[PDB]
$ cat run24.cif   # mmCIF, C-alpha atoms
data_work
loop_
_atom_site.label_atom_id
_atom_site.label_comp_id
_atom_site.auth_asym_id
_atom_site.auth_seq_id
_atom_site.Cartn_x
_atom_site.Cartn_y
_atom_site.Cartn_z
CA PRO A 2 -96.07 -54.12 -8.74
CA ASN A 3 -98.42 -53.36 -5.86
CA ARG A 4 -96.67 -50.54 -4.05
CA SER A 5 -95.97 -47.35 -5.96
CA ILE A 6 -92.55 -46.17 -4.86
CA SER A 7 -90.84 -45.12 -1.65
CA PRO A 8 -91.59 -41.45 -0.96
CA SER A 9 -88.05 -41.26 0.38
CA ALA A 10 -86.37 -42.49 -2.78
CA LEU A 11 -87.82 -39.86 -5.07
CA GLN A 12 -86.33 -37.39 -2.62
CA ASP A 13 -82.96 -39.03 -3.13
CA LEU A 14 -83.40 -38.79 -6.88
CA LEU A 15 -84.05 -35.06 -6.98
CA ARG A 16 -81.48 -34.78 -4.23
CA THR A 17 -79.07 -36.76 -6.38
CA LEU A 18 -79.19 -34.48 -9.40
CA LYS A 19 -78.01 -31.87 -6.92
CA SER A 20 -74.67 -33.64 -7.12
CA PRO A 21 -72.08 -32.73 -9.76
CA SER A 22 -73.33 -35.38 -12.15
CA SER A 23 -70.53 -37.70 -13.20
CA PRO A 24 -68.73 -39.11 -10.15
CA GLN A 25 -71.08 -40.08 -7.35
CA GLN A 26 -74.16 -38.98 -9.27
CA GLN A 27 -73.68 -41.88 -11.64
CA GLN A 28 -73.74 -44.16 -8.62
CA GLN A 29 -76.44 -42.04 -7.03
CA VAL A 30 -78.81 -42.27 -9.97
CA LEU A 31 -78.07 -45.94 -10.52
CA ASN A 32 -78.22 -46.37 -6.77
CA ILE A 33 -81.74 -45.03 -6.30
CA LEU A 34 -82.80 -46.12 -9.77
CA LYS A 35 -81.82 -49.52 -8.43
CA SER A 36 -83.44 -49.15 -5.03
CA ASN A 37 -86.38 -47.72 -6.93
CA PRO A 38 -87.56 -48.94 -10.34
CA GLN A 39 -90.59 -46.71 -10.72
CA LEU A 40 -88.15 -43.86 -10.22
CA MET A 41 -85.69 -45.10 -12.81
CA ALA A 42 -88.49 -45.39 -15.34
CA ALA A 43 -89.22 -41.74 -14.66
CA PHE A 44 -85.64 -40.53 -14.55
CA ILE A 45 -84.56 -42.81 -17.37
CA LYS A 46 -87.44 -41.37 -19.36
CA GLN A 47 -86.14 -37.90 -18.59
CA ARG A 48 -82.59 -38.82 -19.55
CA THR A 49 -83.75 -40.46 -22.76
CA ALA A 50 -86.13 -37.56 -23.23
CA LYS A 51 -82.99 -35.82 -24.44
CA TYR A 52 -82.30 -38.44 -27.08
CA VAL A 53 -85.65 -40.11 -27.67
CA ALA A 54 -86.43 -36.75 -29.24
CA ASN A 55 -83.38 -36.59 -31.48
CA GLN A 56 -83.59 -40.32 -32.10
CA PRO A 57 -87.22 -41.39 -32.53
CA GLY A 58 -88.00 -45.02 -31.83
CA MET A 59 -88.24 -45.83 -28.14
CA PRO B 303 -89.49 -25.48 -8.75
CA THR B 304 -92.23 -28.07 -8.34
CA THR B 305 -95.51 -27.88 -10.21
CA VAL B 306 -97.72 -30.20 -8.19
CA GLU B 307 -98.03 -28.33 -4.91
CA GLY B 308 -101.77 -28.39 -5.52
CA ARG B 309 -102.04 -32.13 -6.05
CA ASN B 310 -99.24 -34.11 -4.45
CA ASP B 311 -99.07 -37.84 -5.03
CA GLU B 312 -96.93 -40.62 -6.46
CA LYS B 313 -97.23 -39.13 -9.93
CA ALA B 314 -96.77 -35.74 -8.29
CA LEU B 315 -93.60 -37.04 -6.69
CA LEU B 316 -91.98 -38.26 -9.89
CA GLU B 317 -93.54 -35.22 -11.51
CA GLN B 318 -91.68 -33.01 -9.06
CA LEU B 319 -88.29 -34.55 -9.71
CA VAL B 320 -88.94 -34.96 -13.41
CA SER B 321 -90.18 -31.38 -13.49
CA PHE B 322 -86.99 -30.15 -11.87
CA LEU B 323 -85.03 -32.26 -14.32
CA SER B 324 -86.55 -30.51 -17.30
CA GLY B 325 -85.50 -27.21 -15.77
CA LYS B 326 -82.03 -28.39 -14.83
CA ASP B 327 -80.82 -25.67 -12.48
CA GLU B 328 -77.33 -27.14 -12.48
CA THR B 329 -77.05 -25.28 -15.77
CA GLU B 330 -76.04 -22.31 -13.64
CA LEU B 331 -73.01 -24.22 -12.43
CA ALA B 332 -72.60 -26.55 -15.38
CA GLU B 333 -72.34 -23.53 -17.65
CA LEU B 334 -70.35 -25.90 -19.83
CA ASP B 335 -72.86 -28.73 -19.91
CA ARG B 336 -75.44 -25.99 -20.32
CA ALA B 337 -75.07 -26.88 -23.98
CA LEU B 338 -77.58 -29.69 -23.62
CA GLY B 339 -78.47 -28.66 -20.09
CA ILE B 340 -78.56 -32.32 -19.10
CA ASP B 341 -75.53 -33.41 -21.10
CA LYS B 342 -74.21 -34.31 -17.66
CA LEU B 343 -76.92 -36.95 -17.55
CA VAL B 344 -76.32 -38.48 -20.96
CA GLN B 345 -72.70 -38.55 -19.84
CA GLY B 346 -73.15 -42.31 -19.87
CA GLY B 347 -73.05 -43.94 -16.45
CA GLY B 348 -72.95 -47.36 -18.07
CA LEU B 349 -70.87 -47.67 -21.22
CA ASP B 350 -72.76 -45.71 -23.84
CA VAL B 351 -75.71 -43.41 -24.42
CA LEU B 352 -76.31 -42.02 -27.89
CA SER B 353 -73.78 -39.93 -29.77
CA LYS B 354 -74.65 -36.26 -29.49
CA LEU B 355 -72.09 -33.84 -28.09
CA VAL B 356 -69.72 -35.96 -26.03
CA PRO B 357 -71.69 -35.64 -22.79
CA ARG B 358 -68.70 -37.25 -21.13
CA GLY B 359 -65.74 -36.63 -23.40
CA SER B 360 -65.20 -39.80 -25.41
CA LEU B 361 -68.22 -42.05 -25.75
#
$ encode --input "run24.cif" --output "structure tokens"
Amino acid sequence: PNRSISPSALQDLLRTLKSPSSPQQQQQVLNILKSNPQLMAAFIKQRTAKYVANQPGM
Amino acid sequence: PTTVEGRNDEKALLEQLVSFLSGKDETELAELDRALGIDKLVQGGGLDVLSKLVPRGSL
């Protein structure tokens, strides 16, 4: 937990959403999210930001 | 669009993507998923998500 996150990954993230979101995307998000944790935390937060709201807890 | 063109930085990076996420533009194409706007995200990916408007079809 020394280095922030690859400035090339984040680009893949935002570039991933560009996809259709279902087929590759799934692998794209998980892909980067995997090759980049800090990113996942962000994205994941965004994804859950859709539920976390409806379902308060986490 | 981005909202950190006057700062830029790690947080700005994730803030850029996250920012774009909030304003899912895909909504224009995913006129169907437009419902949630990001319902295409909650789709699942793994083997579950929540339980609000089948973001995939049958979760």
$ closest_residue --input "run24.cif" --among "B:327, B:319, B:338, B:356" --to "chain A" --atoms "only C-alpha atoms"
B:319
$ closest_atom_pairs --input "run24.cif" --of "chain A" --to "chain B" --cutoff "7 Å" --atoms "only C-alpha atoms" --output "CSV"
residue,atom,partner,partner_atom,distance
A:5,CA,B:312,CA,6.8
A:11,CA,B:316,CA,6.6
A:15,CA,B:319,CA,5.1
A:22,CA,B:342,CA,5.7
A:23,CA,B:342,CA,6.7
A:27,CA,B:347,CA,5.3
A:40,CA,B:316,CA,6.8
A:43,CA,B:316,CA,6.5
A:44,CA,B:320,CA,6.6
A:47,CA,B:320,CA,6.6
A:48,CA,B:343,CA,6.3
$ residues_around --input "run24.cif" --residues "residue 37 in chain A" --least-positions-apart "5" --cutoff "8 Å" --atoms "only C-alpha atoms" --output "number ranges by chain"
A: 6-7, 10
$ closest_residue --input "run24.cif" --among "A:2, A:13, A:53, A:59" --to "residue 35 in chain A" --atoms "all atoms listed in the file"
A:13
$ resolve_selection --input "run24.cif" --expression "the PyMOL selection byres ((chain A and resi 30) around 9)" --output "list in words"
residues 13, 14, 17, 18, 25, 26, 27, 28, 29, 31, 32, 33, 34, 35, 41 and 44 of chain A; 347 of chain B
$ atom_distance --input "run24.cif" --atom1 "CA of residue 19 in chain A" --atom2 "CA of residue 308 in chain B"
24.1 Å
$ build_atoms --input "run24.cif" --residues "range 317-352 of chain B" --atoms "N, CA and C atoms" --output "mmCIF file, in the frame of the given file"
data_model
loop_
_atom_site.group_PDB
_atom_site.id
_atom_site.type_symbol
_atom_site.label_atom_id
_atom_site.label_comp_id
_atom_site.auth_asym_id
_atom_site.auth_seq_id
_atom_site.Cartn_x
_atom_site.Cartn_y
_atom_site.Cartn_z
ATOM 1 N N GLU B 317 -93.277 -36.400 -10.713
ATOM 2 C CA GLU B 317 -93.540 -35.220 -11.510
ATOM 3 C C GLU B 317 -92.729 -34.029 -10.987
ATOM 4 N N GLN B 318 -92.447 -34.072 -9.694
ATOM 5 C CA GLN B 318 -91.680 -33.010 -9.060
ATOM 6 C C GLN B 318 -90.210 -33.106 -9.462
ATOM 7 N N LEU B 319 -89.675 -34.314 -9.358
ATOM 8 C CA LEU B 319 -88.290 -34.550 -9.710
ATOM 9 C C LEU B 319 -88.106 -34.377 -11.216
ATOM 10 N N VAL B 320 -88.986 -35.028 -11.962
ATOM 11 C CA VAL B 320 -88.940 -34.960 -13.410
ATOM 12 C C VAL B 320 -89.060 -33.494 -13.850
ATOM 13 N N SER B 321 -89.958 -32.783 -13.182
ATOM 14 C CA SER B 321 -90.180 -31.380 -13.490
ATOM 15 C C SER B 321 -88.885 -30.591 -13.309
ATOM 16 N N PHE B 322 -88.239 -30.829 -12.176
ATOM 17 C CA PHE B 322 -86.990 -30.150 -11.870
ATOM 18 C C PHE B 322 -85.896 -30.537 -12.864
ATOM 19 N N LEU B 323 -86.000 -31.761 -13.361
ATOM 20 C CA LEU B 323 -85.030 -32.260 -14.320
ATOM 21 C C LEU B 323 -85.106 -31.435 -15.601
ATOM 22 N N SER B 324 -86.327 -31.271 -16.090
ATOM 23 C CA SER B 324 -86.550 -30.510 -17.300
ATOM 24 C C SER B 324 -85.889 -29.131 -17.185
ATOM 25 N N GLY B 325 -86.072 -28.521 -16.023
ATOM 26 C CA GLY B 325 -85.500 -27.210 -15.770
ATOM 27 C C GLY B 325 -84.197 -27.322 -14.978
ATOM 28 N N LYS B 326 -83.314 -28.176 -15.474
ATOM 29 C CA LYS B 326 -82.030 -28.390 -14.830
ATOM 30 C C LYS B 326 -81.469 -27.039 -14.367
ATOM 31 N N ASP B 327 -81.344 -26.902 -13.055
ATOM 32 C CA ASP B 327 -80.820 -25.670 -12.480
ATOM 33 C C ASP B 327 -79.295 -25.721 -12.481
ATOM 34 N N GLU B 328 -78.772 -26.939 -12.477
ATOM 35 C CA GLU B 328 -77.330 -27.140 -12.480
ATOM 36 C C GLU B 328 -76.692 -26.356 -13.631
ATOM 37 N N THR B 329 -77.520 -26.023 -14.610
ATOM 38 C CA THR B 329 -77.050 -25.280 -15.770
ATOM 39 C C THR B 329 -76.278 -24.037 -15.325
ATOM 40 N N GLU B 330 -76.687 -23.498 -14.185
ATOM 41 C CA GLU B 330 -76.040 -22.310 -13.640
ATOM 42 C C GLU B 330 -74.579 -22.607 -13.316
ATOM 43 N N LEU B 331 -74.351 -23.802 -12.791
ATOM 44 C CA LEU B 331 -73.010 -24.220 -12.430
ATOM 45 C C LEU B 331 -72.350 -24.903 -13.631
ATOM 46 N N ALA B 332 -73.095 -25.821 -14.228
ATOM 47 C CA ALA B 332 -72.600 -26.550 -15.380
ATOM 48 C C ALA B 332 -72.756 -25.689 -16.633
ATOM 49 N N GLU B 333 -72.261 -24.464 -16.535
ATOM 50 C CA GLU B 333 -72.340 -23.530 -17.650
ATOM 51 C C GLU B 333 -71.782 -24.178 -18.918
ATOM 52 N N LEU B 334 -70.956 -25.193 -18.715
ATOM 53 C CA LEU B 334 -70.350 -25.900 -19.830
ATOM 54 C C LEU B 334 -71.356 -26.903 -20.401
ATOM 55 N N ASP B 335 -71.891 -27.726 -19.510
ATOM 56 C CA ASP B 335 -72.860 -28.730 -19.910
ATOM 57 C C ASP B 335 -74.153 -28.039 -20.348
ATOM 58 N N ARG B 336 -74.266 -26.774 -19.972
ATOM 59 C CA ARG B 336 -75.440 -25.990 -20.320
ATOM 60 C C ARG B 336 -75.838 -26.248 -21.774
ATOM 61 N N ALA B 337 -74.843 -26.604 -22.572
ATOM 62 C CA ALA B 337 -75.070 -26.880 -23.980
ATOM 63 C C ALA B 337 -76.381 -27.655 -24.137
ATOM 64 N N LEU B 338 -76.400 -28.844 -23.553
ATOM 65 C CA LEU B 338 -77.580 -29.690 -23.620
ATOM 66 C C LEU B 338 -78.430 -29.475 -22.367
ATOM 67 N N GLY B 339 -77.790 -28.928 -21.345
ATOM 68 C CA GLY B 339 -78.470 -28.660 -20.090
ATOM 69 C C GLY B 339 -78.466 -29.900 -19.190
ATOM 70 N N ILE B 340 -78.555 -31.058 -19.829
ATOM 71 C CA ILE B 340 -78.560 -32.320 -19.100
ATOM 72 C C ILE B 340 -77.491 -33.242 -19.687
ATOM 73 N N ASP B 341 -76.603 -32.648 -20.470
ATOM 74 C CA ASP B 341 -75.530 -33.410 -21.100
ATOM 75 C C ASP B 341 -74.750 -34.159 -20.018
ATOM 76 N N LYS B 342 -74.896 -33.689 -18.788
ATOM 77 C CA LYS B 342 -74.210 -34.310 -17.660
ATOM 78 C C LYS B 342 -74.923 -35.610 -17.295
ATOM 79 N N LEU B 343 -76.132 -35.757 -17.816
ATOM 80 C CA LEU B 343 -76.920 -36.950 -17.550
ATOM 81 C C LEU B 343 -76.602 -38.012 -18.601
ATOM 82 N N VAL B 344 -76.608 -37.581 -19.854
ATOM 83 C CA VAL B 344 -76.320 -38.480 -20.960
ATOM 84 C C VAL B 344 -74.854 -38.913 -20.889
ATOM 85 N N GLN B 345 -74.115 -38.247 -20.013
ATOM 86 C CA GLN B 345 -72.700 -38.550 -19.840
ATOM 87 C C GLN B 345 -72.432 -40.018 -20.171
ATOM 88 N N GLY B 346 -73.289 -40.878 -19.639
ATOM 89 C CA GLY B 346 -73.150 -42.310 -19.870
ATOM 90 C C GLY B 346 -73.625 -43.104 -18.648
ATOM 91 N N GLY B 347 -72.736 -43.215 -17.672
ATOM 92 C CA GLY B 347 -73.050 -43.940 -16.450
ATOM 93 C C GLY B 347 -72.764 -45.439 -16.623
ATOM 94 N N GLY B 348 -73.154 -45.957 -17.778
ATOM 95 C CA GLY B 348 -72.950 -47.360 -18.070
ATOM 96 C C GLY B 348 -71.714 -47.564 -18.958
ATOM 97 N N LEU B 349 -71.944 -47.504 -20.261
ATOM 98 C CA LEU B 349 -70.870 -47.670 -21.220
ATOM 99 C C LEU B 349 -71.343 -47.229 -22.603
ATOM 100 N N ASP B 350 -72.224 -46.240 -22.599
ATOM 101 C CA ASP B 350 -72.760 -45.710 -23.840
ATOM 102 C C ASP B 350 -74.032 -44.911 -23.541
ATOM 103 N N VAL B 351 -74.513 -44.220 -24.564
ATOM 104 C CA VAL B 351 -75.710 -43.410 -24.420
ATOM 105 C C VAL B 351 -76.361 -43.229 -25.798
ATOM 106 N N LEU B 352 -75.802 -42.305 -26.564
ATOM 107 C CA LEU B 352 -76.310 -42.020 -27.890
ATOM 108 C C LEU B 352 -75.147 -41.686 -28.824
#
